[PDB]
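Everything on this sheet refers to the single structure shown next.
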Amino acid sequence: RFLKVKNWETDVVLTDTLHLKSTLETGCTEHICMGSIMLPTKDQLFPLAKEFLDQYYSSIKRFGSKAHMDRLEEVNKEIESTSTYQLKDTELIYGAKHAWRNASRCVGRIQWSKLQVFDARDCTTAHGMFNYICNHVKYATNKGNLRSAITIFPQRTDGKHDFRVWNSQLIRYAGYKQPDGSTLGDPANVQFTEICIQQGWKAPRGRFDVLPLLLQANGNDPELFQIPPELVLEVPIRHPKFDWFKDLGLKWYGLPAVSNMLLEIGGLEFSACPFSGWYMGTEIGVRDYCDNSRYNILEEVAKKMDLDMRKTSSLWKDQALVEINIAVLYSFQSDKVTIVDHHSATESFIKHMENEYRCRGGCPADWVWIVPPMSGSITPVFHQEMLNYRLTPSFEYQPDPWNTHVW
Amino acid sequence: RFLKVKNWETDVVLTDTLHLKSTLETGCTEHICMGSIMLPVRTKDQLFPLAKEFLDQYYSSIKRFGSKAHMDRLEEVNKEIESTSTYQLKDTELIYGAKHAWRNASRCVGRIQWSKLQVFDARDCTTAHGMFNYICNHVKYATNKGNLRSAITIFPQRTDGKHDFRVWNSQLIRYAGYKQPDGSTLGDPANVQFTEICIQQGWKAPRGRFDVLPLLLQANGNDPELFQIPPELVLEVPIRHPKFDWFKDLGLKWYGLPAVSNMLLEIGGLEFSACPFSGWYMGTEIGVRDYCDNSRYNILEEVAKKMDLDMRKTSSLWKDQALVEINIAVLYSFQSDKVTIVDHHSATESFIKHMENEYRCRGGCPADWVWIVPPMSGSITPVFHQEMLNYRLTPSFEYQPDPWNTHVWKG
Ligand code: HEM
Ligand code: HEM
Ligand SMILES: N#Cc1cccc(CNCCc2ccnc(-n3ccnc3)n2)c1
Ligand SMILES: N#Cc1cccc(CNCCc2ccnc(-n3ccnc3)n2)c1
Ligand SMILES: C[C@H](O)[C@H](O)[C@H]1CNc2nc(N)[nH]c(=O)c2N1
Ligand SMILES: C[C@H](O)[C@H](O)[C@H]1CNc2nc(N)[nH]c(=O)c2N1
Ligand SMILES: [Zn+2]
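Taken in order, these protein sequences are the chains called A and B.
The deposited numbering puts the first sequence at residues 299 to 338, 350 to 716.
The deposited numbering puts the second sequence at residues 299 to 338, 348 to 718.
Here it is, written out as structure tokens:
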């Protein structure tokens with residue numbers, strides 16, 4: 299039960315002890331591996358709080374202290390009285406940093422302890438939510454010198470007064486269904502772009518329209534707000550070699566900000582906790598641009614490159630894929646917006662694994678998600694065995710609000 | 299139980315009932331997934356139910372379940388087991404077994420071809436010389452002057468684990484690797500240890516960059532013997548690029564026949580420790596892994612230089628750019644010489660169809676996403692977007708230890 303992980307390129311072996319702490323289930327069994335599957350009371354609450362405070366207090370070298378036992382009693386009483394409890398600012402920050410640290414699908418976790426935590430638990434309205442988000446966006450963007458941040462809205466109570474950001478990311482481009490069956494803009498957001506328009510939103514109906522924010526506070530109906538454009542940093546995409554690339558008329562946004570996840574800390578649930586870091590190049594160039602159910606531009610680019618598209622054997626797609634990804638990197642770098650290529654990021658994740666195994670006894674990791682969607686085996690993470698397991702505090706998926714909301 | 303898998307690019311949802319027939323363990327638990335872990348003398352006590360399970364399958368496949376022929380066969384096997392401690396498969400059962408082991412091989416993307424497998428029965432073999440002969444015939448038949456045919460040669464099964472037949476080579480055809488005293492490496496670094504063994508065993512090495520290794524062959528538990536495959540039986544392809552003329556001057560070539568020879572084949576509880584099989588290459592096996600892995604020939608540098616790429620920063624994606632051209636050259640060279648090969652787009656696409664068909668006809672298709680997804684351009688192949696369930700069915704191909712670590716030397 300003391301598992302080893304091997305890097306097959308370096309023969310480096312690491313021993314994993316951290317997994318023994320894990321409590322939540324993987325979805326796997328002894329008979330079947332589900333590693334490639336995308337989606338996996351008062352009496353419940355106190356042991357959860359206890360486990361968290363124990364590790365919090367251990368992390369600061371006061372395990373078993375008076376202050377430890379005291380915080381424990383104090384929280385125990387508040388749960389017994391209120392049926393919930395409130396985190397101290399220090400515990401909140403710790404919890405958030407550790408949810409990131411525990412995110413087995415995030416390749417950028419080497420940065421985990423440098424997170425800026427915005428406490429938004431005093432928020433009561435969607436306008437208030439918008440204000441906190443504009444502040445997050447402006448701060449995180451930092452004129453292109455990106456800084457990791459999370460903003461944390463009030464925790465769930467009854468489940469009918471949830472704070473929710475309806476957007477999947479704070480900044481995304483619209484998707485419109487044409488009359489000729491086609492799709493203009495981002496196909497992933499066709500449904501959300503629909504709801505925004507359903508709720509008002511004058512759609513410019515372009516290829517790249519910044520979606521409006523759709524914010525839900527205390528379980529009320531959601532409200533539309535438009536992010537000040539001067540806060541949405543965007544990058545025109547050109548190639549350092551192909552002058553015609555400019556004329557594809559592509560661009561992307563600089564701030565990658567996940568807004569639809571649920572943050573769990575010491576048994577408490579934060580249903581609205583948008584966070585942001587900075588892009589790995591492939592997220593945009595490989596997935597956003599070249600995924601078939603997304604912008605799917607491969608053909609158009611290969612046309613422009615005059616490649617033999619008559620046989621898959623020519624690897625025309627691969628050739629275009631590389632150039633596109635070159636362009637993305639080049640463009641962000643030229644405009645001074647933070648970005649990391651898949652080589653640097655995976656190399657840094659390897660060193661991070663080394664660090665975590667050394668100081669924590671392990672690092673949960675999802676190989677299926679960690680390995681970049683291009684050039685897999687020429688990145689070191691490919692040759693790195695990884696153990697996947699769920700530690701708390703965590704970021705979890707949660708249902709889309711429009712399927713759930715008592716509208 | 300019933301399990302659903304979803305393709306996130308097509309929304310196609312498939313239902314798996316087949317995983318219920320799985321008996322062997324995966325390595326995972328409710329609390330840990332070991333899906334990325336590379337690697338995660349039998350008594351009459353356990354053997355008959357293993358026999359029966361296999362015989363029940365086989366007779367179901369031929370639509371004779373519960374027949375007198377089925378029942379008599381069970382009876383015959385049971386009697387032979389308790390009298391002799393083991394049993395022999397009929398030719399029909401062996402062929403079925405070998406094909407289904409391939410069919411059940413969750414790490415093989417080439418399984419659309421599973422039913423077209425040429426089975427050579429080498430169970431009458433007694434000596435290494437005999438093994439060489441069988442293996443030569445296999446290579447000649449499988450190669451077929453470039454028009455490759457999938458085949459497997461099956462040597463006698465294990466008895467007491469002291470008389471194992473083994474092919475010591477990891478593949479029937481592979482290049483030698485030589486560690487130089489300066490730390491550098493000549494040839495294929497993956498083969499340094501094995502190359503050293505052959506040399507110790509008496510192989511006179513030419514010490515080049517592409518020396519075809521000798522066969523090191525073990526029959527009946529005896530010490531292994533060296534043989535040289537007749538060079539005219541080894542089809543090789545010089546690698547060139549369709550636009551880049553300096554590419555041929557890299558001096559690269561590869562062999563045409565990919566043949567795994569170190570695995571163990573299990574059928575009805577019987578263990579076949581020598582069972583070399585061969586298909587044909589997916590281009591990335593060579594162009595990406597063989598040529599570009601840092602721990603292999605590792606040509607990215609030399610290629611990128613000759614391409615005059617900006618090699619100063621990784622952000623230029625010079626490595627990615629070179630990798631593509633190399634894989635273009637490998638596919639080009641094989642097609643030009645009419646030697647069977649398949650690109651990663653074509654092969655993954657066929658696998659999806661195979662998979663869909665297996666779910667409908669068989670109730671599932673065990674697959675290892677980690678291995679099925681090609682080592683370049685992953686998400687522009689449809690397998691990246693396919694949820695897959697991994698589980699173990701028998702008959703099966705299993706890993707076994709390297710014979711030099713276990714062999715008892717007669718002297
Ligand atoms: C700062 C640099 C960062 C980099 C380079 C980075 C990189 C990535 C990448 C490439 C993915 C895969 C996303 C996908 O394929 O959909 C990912 C996922 C994820 N990241 Fe990060 N990230 C960063 C910051 C953060 C921060 C600040 C947090 C939280 C505080 C975070 C938490 C997560 C989580 C929970 C996932 C899984 C998302 C999902 O399952 O959909 N990351 N990250
Ligand atoms: C006909 C063309 C075939 C193609 C294109 C193909 C493709 C592949 C590829 C790309 C791999 C991954 C190898 C690696 O990355 O190390 C693989 C693995 C495997 N294949 Fe095939 N294959 C073919 C035929 C066969 C045949 C004839 C058999 C057996 C009768 C077979 C059984 C297996 C097994 C057992 C593995 C796992 C190997 C391991 O774990 O080391 N395949 N296949
Ligand atoms: N549910 C769901 C679900 C399934 C597959 C992918 C998805 C998107 N995952 C996040 C993608 C994304 C976008 C922008 N930014 C970031 N990001 C930023 C820092 N770390 C990740 N991540 C969600
Ligand atoms: N143990 C082990 C282990 C770890 C990584 C790669 C490995 C080789 N896997 C097979 C490679 C290979 C070579 C030639 N041919 C084929 N081949 C033929 C048909 N299907 C695959 N496969 C073994
Ligand atoms: C089916 C498969 O699990 C799915 O396509 C996964 C594969 N790996 C991934 N990896 C990352 N980083 N992001 C993803 O969306 C996915 N999708
Ligand atoms: C650690 C990791 O599982 C290992 O590098 C695997 C990844 N996927 C693979 N996939 C294939 N086809 N072949 C391999 O050798 C590997 N190696
Ligand atoms: Zn698993």
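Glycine included, C-beta positions come from ideal geometry on N, C-alpha and C.
In the assembly as shown, A:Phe372 is an exposed residue. Its beta-carbon has fewer than 16 other beta-carbons within 10 Å. In the structure shown, the three-state DSSP call for B:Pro538 is helix.
When the five nearest sequence neighbours on each side are left out, the beta carbons in the same chain lying within less than 7 Å of the beta carbon of B:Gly528 are those of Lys469, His470 and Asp471, in order along the chain.
Around B:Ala358, the same chain offers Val384, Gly575 and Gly576 as residues with beta carbons nearer than 6 Å, after the five sequence neighbours per side are excluded. At a cut-off of 8 Å between beta carbons, B:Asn697 contacts chain A. By the C-beta density criterion, A:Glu400 is buried, having at least 16 other C-beta atoms within 10 angstroms. At a cut-off of 8 Å, the C-beta of A:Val646 has no neighbouring C-beta in chain B. Contact note: A:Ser640 does not reach chain B at a C-beta cutoff of 7 Å; the least C-beta distance is about 11 Å. Residue pairing by DSSP leaves B:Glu382 without any beta bridge partner. Taking 8 Å as the upper bound for CB-CB distance, A:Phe554 and A:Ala654 are not in contact here, some 24 Å apart. Identification of chain B residues near A:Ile635 by a Cβ-Cβ cut-off of 9 Å yields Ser622, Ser623, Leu624, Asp627 and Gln628, ordered along the chain.
Per the DSSP secondary-structure output, B:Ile574 pairs in a beta bridge with B:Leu577.
Listed by position along chain A, the residues whose Cβ is nearer than 8 Å to that of B:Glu387 form an empty set, because the closest Cβ is around 31 Å away. Listed along chain A are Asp627, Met683, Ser684, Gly685, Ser686 and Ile687, each with a C-beta nearer than 8 Å to that of B:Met683. Put simply, the CB of B:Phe691 is near chain A, with a gap under 8 Å to one of its CB atoms.
Between A:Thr460 and A:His436, the C-beta spacing is not below 8 Å. When Cβ-Cβ separations below 8 Å define contact, A:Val595 makes contact with chain B. A:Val637 has its CB no nearer than 7 Å to any heavy atom of ligand 3.
Within 9 Å of the CB of A:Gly333, the CB atoms of chain B belong to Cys326, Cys331, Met332, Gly333, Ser334, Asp675, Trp676, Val677, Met695 and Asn697, in sequence order along the chain. At least one heavy atom of ligand 2 lies closer than 7 Å to the C-beta of B:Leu424. Ligand 1 has no heavy atom closer than 7 Å to the beta-carbon of B:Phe579.
Sequence-distant Cβ neighbours of A:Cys443 in its own chain, meaning closer than 7 Å and more than five residues away, are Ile536, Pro537 and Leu540. When DSSP states are grouped into helix, strand and coil, A:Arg667 belongs to the helix group. A distance of 8 Å or more separates the beta carbons of B:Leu322 and B:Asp314. Set against 7 Å, the gap from the CB of B:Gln500 to the closest heavy atom of ligand 4 is not smaller. The contact set of A:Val631 on chain B, defined by CB atoms closer than 7 Å, consists of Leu624, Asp627, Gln628 and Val631 in chain order. At least one heavy atom of ligand 6 lies closer than 7 Å to the C-beta of B:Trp678. Secondary structure remark: continuous beta strand (DSSP E) runs of at least 3 residues inside the segment 456–522 of chain B, in chain order: 458–461, 484–486 and 492–494.
A heavy atom of ligand 2 is found nearer than 7 Å to the CB of B:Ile459. DSSP places A:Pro702 outside any alpha helix (DSSP H), giving it a letter other than H or E.
Among the bridge pairs identified by DSSP, B:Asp314 is matched with B:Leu301. For B:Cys599, the residues of chain A that pass the 7 Å Cβ criterion are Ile687, in the order they occur in the chain. Fewer than three beta-carbon pairs drawn from the segment 607–619 of chain B and the segment 421–433 of chain B are found closer than 8 Å, and the two stretches are therefore not classed as touching. Under the Cβ distance rule, B:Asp615 does not count among the residues neighbouring chain A, no pair being separated by less than 8 Å. Contact between the segment 665–678 of chain A and the segment 696–715 of chain A is present: three or more C-beta pairs spanning the two stretches fall below 8 Å.
CA-to-CA, the gap between A:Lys406 and A:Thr701 works out to about 11 Å.
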